[PDB]
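S.K.: For reference, the file protein.pdb (PDB, C-alpha atoms and all ligand atoms) is included below:
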ATOM      1  CA  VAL A   3       0.000   0.000   0.000
ATOM      2  CA  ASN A   4       1.178   3.617  -0.684
ATOM      3  CA  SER A   5      -0.001   7.266  -0.061
ATOM      4  CA  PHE A   6      -1.051   8.084  -3.667
ATOM      5  CA  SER A   7      -4.803   8.991  -3.823
ATOM      6  CA  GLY A   8      -7.387   9.549  -6.605
ATOM      7  CA  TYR A   9      -5.420   7.876  -9.445
ATOM      8  CA  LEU A  10      -7.045   5.903 -12.268
ATOM      9  CA  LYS A  11      -5.287   2.544 -12.786
ATOM     10  CA  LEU A  12      -4.225   2.077 -16.440
ATOM     11  CA  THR A  13      -2.193  -1.149 -16.101
ATOM     12  CA  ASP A  14      -0.656  -3.441 -13.474
ATOM     13  CA  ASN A  15       1.970  -0.729 -12.728
ATOM     14  CA  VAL A  16       0.880   2.618 -14.260
ATOM     15  CA  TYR A  17      -1.553   5.055 -12.647
ATOM     16  CA  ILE A  18      -2.695   8.524 -13.835
ATOM     17  CA  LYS A  19      -4.321  11.604 -12.275
ATOM     18  CA  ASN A  20      -5.229  15.196 -13.298
ATOM     19  CA  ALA A  21      -3.023  16.927 -10.767
ATOM     20  CA  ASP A  22      -0.541  19.797 -10.396
ATOM     21  CA  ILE A  23       2.745  17.773  -9.873
ATOM     22  CA  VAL A  24       4.166  20.551  -7.607
ATOM     23  CA  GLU A  25       1.027  20.187  -5.332
ATOM     24  CA  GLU A  26       1.054  16.399  -5.529
ATOM     25  CA  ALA A  27       4.720  16.197  -4.461
ATOM     26  CA  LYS A  28       4.084  18.636  -1.579
ATOM     27  CA  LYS A  29       1.173  16.432  -0.335
ATOM     28  CA  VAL A  30       2.686  12.911  -0.816
ATOM     29  CA  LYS A  31       6.451  13.585  -0.269
ATOM     30  CA  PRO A  32       7.207  10.613  -2.523
ATOM     31  CA  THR A  33      10.572   8.832  -2.377
ATOM     32  CA  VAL A  34      11.126   9.952  -6.036
ATOM     33  CA  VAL A  35       9.678  12.838  -8.053
ATOM     34  CA  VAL A  36      10.726  12.926 -11.719
ATOM     35  CA  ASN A  37      11.729  16.237 -13.288
ATOM     36  CA  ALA A  38      11.323  16.921 -17.019
ATOM     37  CA  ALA A  39      14.926  18.083 -17.260
ATOM     38  CA  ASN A  40      17.165  19.277 -20.077
ATOM     39  CA  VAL A  41      20.842  18.255 -20.450
ATOM     40  CA  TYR A  42      22.038  21.513 -18.777
ATOM     41  CA  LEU A  43      19.625  21.130 -15.806
ATOM     42  CA  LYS A  44      18.432  24.683 -16.568
ATOM     43  CA  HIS A  45      15.014  24.616 -14.898
ATOM     44  CA  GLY A  46      13.604  27.834 -16.547
ATOM     45  CA  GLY A  47      10.036  26.865 -17.490
ATOM     46  CA  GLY A  48       7.767  23.805 -17.793
ATOM     47  CA  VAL A  49       7.788  21.037 -15.138
ATOM     48  CA  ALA A  50      11.451  21.887 -14.343
ATOM     49  CA  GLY A  51      10.681  25.619 -13.866
ATOM     50  CA  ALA A  52       7.606  24.922 -11.682
ATOM     51  CA  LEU A  53       9.348  22.332  -9.453
ATOM     52  CA  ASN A  54      12.438  24.559  -9.157
ATOM     53  CA  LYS A  55      10.244  27.553  -8.167
ATOM     54  CA  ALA A  56       8.617  25.387  -5.450
ATOM     55  CA  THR A  57      12.154  24.725  -4.008
ATOM     56  CA  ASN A  58      12.865  28.505  -3.865
ATOM     57  CA  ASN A  59      15.625  27.938  -6.497
ATOM     58  CA  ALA A  60      17.514  25.399  -4.315
ATOM     59  CA  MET A  61      17.041  22.788  -7.095
ATOM     60  CA  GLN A  62      18.806  25.155  -9.577
ATOM     61  CA  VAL A  63      21.668  25.889  -7.146
ATOM     62  CA  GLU A  64      22.267  22.146  -6.598
ATOM     63  CA  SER A  65      21.942  21.492 -10.335
ATOM     64  CA  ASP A  66      24.503  24.152 -11.267
ATOM     65  CA  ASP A  67      27.056  22.525  -8.935
ATOM     66  CA  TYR A  68      26.226  19.079 -10.507
ATOM     67  CA  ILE A  69      26.855  20.396 -14.039
ATOM     68  CA  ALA A  70      30.031  22.255 -13.025
ATOM     69  CA  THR A  71      31.412  18.905 -11.723
ATOM     70  CA  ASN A  72      30.001  16.377 -14.234
ATOM     71  CA  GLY A  73      29.077  18.251 -17.417
ATOM     72  CA  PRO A  74      25.756  17.908 -19.218
ATOM     73  CA  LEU A  75      23.491  14.857 -19.173
ATOM     74  CA  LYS A  76      22.747  12.842 -22.333
ATOM     75  CA  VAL A  77      19.364  13.094 -24.063
ATOM     76  CA  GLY A  78      17.665   9.928 -22.734
ATOM     77  CA  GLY A  79      19.762  10.036 -19.555
ATOM     78  CA  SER A  80      19.188  11.005 -15.941
ATOM     79  CA  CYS A  81      20.734  11.855 -12.605
ATOM     80  CA  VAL A  82      19.501  11.534  -9.027
ATOM     81  CA  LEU A  83      19.666  14.724  -6.925
ATOM     82  CA  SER A  84      17.901  15.968  -3.831
ATOM     83  CA  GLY A  85      14.112  16.251  -3.746
ATOM     84  CA  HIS A  86      14.426  19.302  -1.479
ATOM     85  CA  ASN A  87      11.019  20.087   0.104
ATOM     86  CA  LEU A  88       9.132  18.040  -2.529
ATOM     87  CA  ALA A  89      10.414  14.442  -2.236
ATOM     88  CA  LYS A  90      13.343  12.461  -0.859
ATOM     89  CA  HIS A  91      15.008  12.410  -4.294
ATOM     90  CA  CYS A  92      14.479  14.075  -7.677
ATOM     91  CA  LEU A  93      15.214  11.933 -10.718
ATOM     92  CA  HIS A  94      16.081  14.465 -13.436
ATOM     93  CA  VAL A  95      15.255  12.714 -16.735
ATOM     94  CA  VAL A  96      15.970  14.176 -20.181
ATOM     95  CA  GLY A  97      13.395  13.250 -22.746
ATOM     96  CA  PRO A  98      13.980  14.360 -26.349
ATOM     97  CA  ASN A  99      12.825  17.909 -27.099
ATOM     98  CA  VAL A 100      11.015  17.873 -30.491
ATOM     99  CA  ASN A 101      11.279  21.756 -30.569
ATOM    100  CA  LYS A 102      15.154  21.160 -30.746
ATOM    101  CA  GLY A 103      14.901  18.304 -33.365
ATOM    102  CA  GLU A 104      15.911  15.359 -31.034
ATOM    103  CA  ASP A 105      15.198  11.691 -31.982
ATOM    104  CA  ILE A 106      11.803  10.630 -30.512
ATOM    105  CA  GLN A 107      13.201   6.999 -30.319
ATOM    106  CA  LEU A 108      15.186   8.406 -27.354
ATOM    107  CA  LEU A 109      11.901   8.631 -25.412
ATOM    108  CA  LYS A 110      12.053   4.882 -24.631
ATOM    109  CA  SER A 111      15.638   5.268 -23.306
ATOM    110  CA  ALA A 112      14.422   8.199 -21.138
ATOM    111  CA  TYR A 113      11.628   6.099 -19.579
ATOM    112  CA  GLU A 114      14.047   3.190 -18.928
ATOM    113  CA  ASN A 115      15.582   5.353 -16.150
ATOM    114  CA  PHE A 116      12.341   4.939 -14.184
ATOM    115  CA  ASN A 117      13.007   1.175 -13.859
ATOM    116  CA  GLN A 118      15.851   1.920 -11.382
ATOM    117  CA  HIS A 119      13.225   3.120  -8.836
ATOM    118  CA  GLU A 120      10.459   0.987  -7.314
ATOM    119  CA  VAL A 121       7.888   3.839  -7.082
ATOM    120  CA  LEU A 122       7.866   7.298  -8.745
ATOM    121  CA  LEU A 123       5.678  10.386  -9.139
ATOM    122  CA  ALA A 124       6.283  11.643 -12.711
ATOM    123  CA  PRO A 125       5.097  13.799 -15.593
ATOM    124  CA  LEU A 126       4.742  12.478 -19.117
ATOM    125  CA  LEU A 127       8.235  12.745 -20.626
ATOM    126  CA  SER A 128       8.709  14.930 -23.685
ATOM    127  CA  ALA A 129       5.134  16.353 -23.294
ATOM    128  CA  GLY A 130       4.255  20.021 -22.832
ATOM    129  CA  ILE A 131       6.983  22.418 -24.018
ATOM    130  CA  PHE A 132       9.182  19.452 -25.128
ATOM    131  CA  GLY A 133       6.821  19.142 -28.115
ATOM    132  CA  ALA A 134       6.017  15.399 -28.290
ATOM    133  CA  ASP A 135       2.515  13.917 -28.581
ATOM    134  CA  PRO A 136       1.453  13.108 -24.977
ATOM    135  CA  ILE A 137      -0.631  10.127 -26.218
ATOM    136  CA  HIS A 138       2.592   8.671 -27.628
ATOM    137  CA  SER A 139       4.484   9.464 -24.418
ATOM    138  CA  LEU A 140       1.879   7.566 -22.353
ATOM    139  CA  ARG A 141       2.095   4.544 -24.697
ATOM    140  CA  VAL A 142       5.934   4.458 -24.422
ATOM    141  CA  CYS A 143       5.634   4.806 -20.628
ATOM    142  CA  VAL A 144       3.255   1.837 -20.348
ATOM    143  CA  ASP A 145       5.360  -0.284 -22.696
ATOM    144  CA  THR A 146       8.730   0.594 -21.021
ATOM    145  CA  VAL A 147       8.296   1.227 -17.283
ATOM    146  CA  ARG A 148       7.893  -1.918 -15.177
ATOM    147  CA  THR A 149       8.098  -0.210 -11.763
ATOM    148  CA  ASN A 150       5.159   1.589 -10.206
ATOM    149  CA  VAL A 151       4.620   5.009 -11.768
ATOM    150  CA  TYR A 152       2.063   7.630 -10.722
ATOM    151  CA  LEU A 153       1.631  10.099 -13.603
ATOM    152  CA  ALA A 154       0.469  13.668 -13.009
ATOM    153  CA  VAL A 155      -1.338  15.546 -15.880
ATOM    154  CA  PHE A 156      -1.752  19.362 -15.309
ATOM    155  CA  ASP A 157      -4.207  19.905 -18.261
ATOM    156  CA  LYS A 158      -7.673  18.523 -17.386
ATOM    157  CA  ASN A 159      -8.532  18.547 -21.076
ATOM    158  CA  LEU A 160      -5.416  16.471 -21.901
ATOM    159  CA  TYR A 161      -5.993  14.125 -18.936
ATOM    160  CA  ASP A 162      -9.496  13.295 -20.234
ATOM    161  CA  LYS A 163      -8.157  12.756 -23.757
ATOM    162  CA  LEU A 164      -5.319  10.437 -22.486
ATOM    163  CA  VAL A 165      -7.802   8.281 -20.519
ATOM    164  CA  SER A 166     -10.495   8.162 -23.241
ATOM    165  CA  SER A 167      -7.959   7.199 -25.964
ATOM    166  CA  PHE A 168      -5.955   4.672 -23.846
ATOM    167  CA  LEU A 169      -5.751   1.195 -25.357
TER     168      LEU A 169
HETATM  169  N1  LIG A 201       2.592  23.801 -11.021
HETATM  170  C1  LIG A 201       2.784  23.147 -12.285
HETATM  171  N2  LIG A 201       3.365  23.744 -13.377
HETATM  172  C2  LIG A 201       3.398  22.802 -14.472
HETATM  173  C3  LIG A 201       3.922  23.100 -15.737
HETATM  174 CL1  LIG A 201       4.625  24.698 -16.025
HETATM  175  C4  LIG A 201       3.924  22.149 -16.731
HETATM  176  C5  LIG A 201       3.371  20.892 -16.486
HETATM  177  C6  LIG A 201       2.831  20.592 -15.240
HETATM  178  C7  LIG A 201       2.856  21.552 -14.220
HETATM  179  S1  LIG A 201       2.309  21.570 -12.644
END
Kindly present the structure from the file in structure tokens form.
M.R.:
Amino acid sequence: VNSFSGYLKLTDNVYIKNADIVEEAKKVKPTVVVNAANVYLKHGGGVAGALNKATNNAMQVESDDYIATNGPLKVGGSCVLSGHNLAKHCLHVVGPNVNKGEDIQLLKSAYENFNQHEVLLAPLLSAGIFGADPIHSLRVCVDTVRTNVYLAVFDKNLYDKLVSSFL
């Protein structure tokens, strides 16, 4: 049993809810929250910008030190950093950004990072300002992630379309 409430069950291991991920993290304090990161961990807007704002910029400060030591992530890659006030850990995952011309086949590699964690609160990778089709992102998630994933969808309209169209 876990703390997640109000989710629709899509499969054995994938759950979905219309919820503001910043507000969901604050309520649940999950072991892992996933950030929709870029390779520079520059959390300016989107999921990254919203989560970073909720940490009072502490996520960005920590991220800048990580990049100064390690250099940029790979598209499809990830790193584990602090969850600050939102979670124990934040898994920063880089899905491909279609608005930069990145290979959408890298979306499966991105979701494979989730399999290193037994339970996660996450957004749909490469959705929103990363430009991918969220219906596609949900299909790749279901077909790739084997651990227990609780997906948060900000847009009520999109949430209802993801559920109604789910095979
Ligand atoms: N507070 C929140 N901001 C966002 C943004 Cl900017 C994108 C996607 C989901 C959420 S939840």
S.K.: Could you tell me which residues the PyMOL selection byres (((not hetatm)) within 12 of (chain A and resi 201)) returns for this structure, as a PyMOL selection string?
M.R.: chain A and resi 19-28+36-39+45-57+124-132+136+153-158+160-161
S.K.: Name the closest residue to residue 60 in chain A among the candidates A:88, A:81, A:18, A:34; distances are taken between atoms, counting only C-alpha atoms.
M.R.: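 Nearest to residue 60 in chain A: A:88.
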S.K.: What is the CA of residue 5 in chain A-CA of residue 32 in chain A distance in Å, reported with one decimal?
M.R.: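 It comes out at 8.3 Å.
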S.K.: Between A:101, A:167, A:150, A:84, which one has atoms that come closest to residue 62 in chain A, using only C-alpha atoms?
M.R.: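 That would be A:84, the residue with the smallest distance to residue 62 in chain A.
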S.K.: Do you have the CA of residue 97 in chain A-CA of residue 115 in chain A distance handy?
M.R.: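 Value for the CA of residue 97 in chain A-CA of residue 115 in chain A distance: 10.5 Å.
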